[PDB]
2 protein chains.
Amino acid sequence: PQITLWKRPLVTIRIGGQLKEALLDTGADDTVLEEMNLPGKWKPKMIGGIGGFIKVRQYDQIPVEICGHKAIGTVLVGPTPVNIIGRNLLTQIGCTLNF
Amino acid sequence: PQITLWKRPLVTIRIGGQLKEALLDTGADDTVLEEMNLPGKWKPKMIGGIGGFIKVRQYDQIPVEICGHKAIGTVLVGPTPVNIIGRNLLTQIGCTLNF
Ligand SMILES: CC(C)CN(C[C@@H](O)[C@H](Cc1ccccc1)NC(=O)O[C@H]1CO[C@H]2OCC[C@H]21)S(=O)(=O)c1ccc(N)cc1
């Protein structure tokens, strides 16, 4: 799709079998989801945002379907204010910015 | 033009007659720039992201050019680690997400 920006670019995703809403976030290097259970191994990591640093759980090589487009990559889980889809997955689905 | 998301979507902007590098950020409601001493009235605000909140100064109706496209609107100024062009100005320069 082409998505304009007069509203937040919120989309439905599928992950670990479940639906969620998430924000397409070109200013995020990484995909960060609010607290949820995912299968498999994870590693403790830290990541910084505008307000400082948080602890997250890093899950690798995770399948995520975004507006019907498939990705498989790293998902961080922790106290983000909103689920965000970062560039690690936006690149997989072929996103670009256009003006 | 089209901006890839393999790397951070940094572009040149002009504001308050300084040229700066800033992120084209679909995840940001409002534009936030690194600390700078702009002229004019402002109002305090808190904005929140990963890690919590920062305090910023809200300026209104500031001219900002972004890759040669003119815009004018709200600019927040405070201790962000990166200059961020948010949706308030992205719409004004014609920016969409596409996949
Ligand atoms: C978390 C979003 C809902 C909101 N943020 C925009 C977001 O794009 C920031 C923008 C950003 C970018 C760099 C540093 C701080 C903030 N990215 C971010 O937090 O990404 C994190 C996940 O991937 C990592 O890569 C970048 C930081 C990590 S935000 O910076 O907090 C923000 C909040 C309010 C406004 N008006 C402006 C910006």
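About the criteria used
Residues numbered from 1 in each chain as written, not as in the entry; some residues may be left out. Chains lettered and ligands numbered in written order. Heavy atoms only, no water. Residues with missing side-chain atoms left out of burial classes, pairs and counts. Helix = DSSP H or I, 4+ residues; strand = E, 2+ residues; numbered from the N terminus. Rg over C-alpha atoms; globule rule 2.2 N^0.38 Å. Contact = heavy atoms within 4.5 Å. Core = buried A, V, L, I, M, F, W, Y, C linked by side-chain atoms within 4.5 Å. Buried < 20%, exposed > 50% of the residue type's maximum accessible area, 1.4 Å probe, protein only. Polar contact = N/O pair within 3.5 Å; in protein donor to acceptor, adjacent residues only side chain to side chain. Least-squares fit on C-alpha atoms. Near = heavy atom within 4 Å. Areas by Shrake-Rupley, 256 points an atom, 1.4 Å probe, with all protein chains shown as cover. Nonpolar A, V, L, I, M, F, W, Y, C, P; charged D, E, K, R; others polar.

For this coordinate set, the PDB header names X-ray crystallography as the determination method and states a resolution of 1.20 Å.

Chemist: Can you help me understand the overall build of chain A in this one?
Modeler: A tally of regular secondary structure across chain A gives one helix and nine strands. Walking chain A from its N terminus toward its C terminus, one meets helices and strands in the order β-β-β-β-β-β-β-β-α-β. Here the C-alpha atoms of chain A give a radius of gyration of 13 Å, agreeing with the 13 Å that 2.2 N^0.38 yields for 99 residues. Along the three orthogonal principal directions, the C-alpha set of chain A runs to about 40 × 30 × 20 Å. Nonlocal contacts in chain A, meaning residues at least 24 apart in sequence, comprise 48% of its contacts between residues at least 6 apart.

Chemist: How do you make sense of the nonpolar core when you look at a structure like this?
Modeler: For soluble globular proteins, nonpolar side chains are generally found buried alongside one another. In terms of nonpolar packing, the biggest core is built from 48 residues, with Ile 13, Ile 15, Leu 24 and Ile 66 of chain A together with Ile 13, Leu 24 and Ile 66 of chain B touching the most fellow members. Ignoring anything within four residues of it in the chain, the contact list for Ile 15 of chain A reads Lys 20, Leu 33, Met 36, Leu 38, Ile 62, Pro 63, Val 64 and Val 75 of chain A.

Chemist: Would you mind going over the side chain of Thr 80 of chain A with me for this structure?
Modeler: Along the polypeptide, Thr 80 of chain A turns up in the loop between strand 7 (69–77) and strand 8 (84–85). Of the polar contacts made by the side chain of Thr 80 of chain A, one reaches the backbone oxygen of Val 82 of chain A; its length is 2.8 Å. With residues near it in sequence (within four places) discarded, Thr 80 of chain A still touches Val 32, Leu 33, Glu 34 and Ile 54 of chain A together with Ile 50 of chain B.

Chemist: Would you take a moment to explain the relation of the copies chain B and chain A for this structure?
Modeler: Between the two copies of the chain lies a relationship made up of a rotation around an axis and a movement along it. The two copies are related by a screw motion: chain B maps onto chain A through a turn of 178° and a shift of 0.2 Å along the axis, at an RMSD of 0.6 Å. Considering both components of the superposition, the chain copies are consistent with a two-fold axis. When the interface residues of chain B are mapped onto chain A, 100% of them are again interface residues, pointing to one common binding face.

Chemist: Any chance you could explain the site of the ligand here in plain terms?
Modeler: If you check the shell around the ligand, you find 23 residues, and the closest are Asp 25, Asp 29 and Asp 30 of chain A together with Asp 25 and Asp 30 of chain B. At the site occupied by the ligand, nearby residues are drawn from chains A and B. The separation between an oxygen atom of the ligand and a polar side-chain atom of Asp 25 of chain B is 2.5 Å. Between the ligand and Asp 30 of chain B, the relevant distance is 3.1 Å, taken from a nitrogen atom to a main-chain nitrogen or oxygen of the residue. Summarising the interface, the protein chains cover 93% of the accessible area of the ligand, which totals 710 Å² for the free molecule. For the shell around the ligand, the leading source of residues is strand 5 (residues 43–49) of chain A, giving three residues. Grouping the constituent residues of the shell around the ligand by class yields eleven nonpolar, six polar and six charged.

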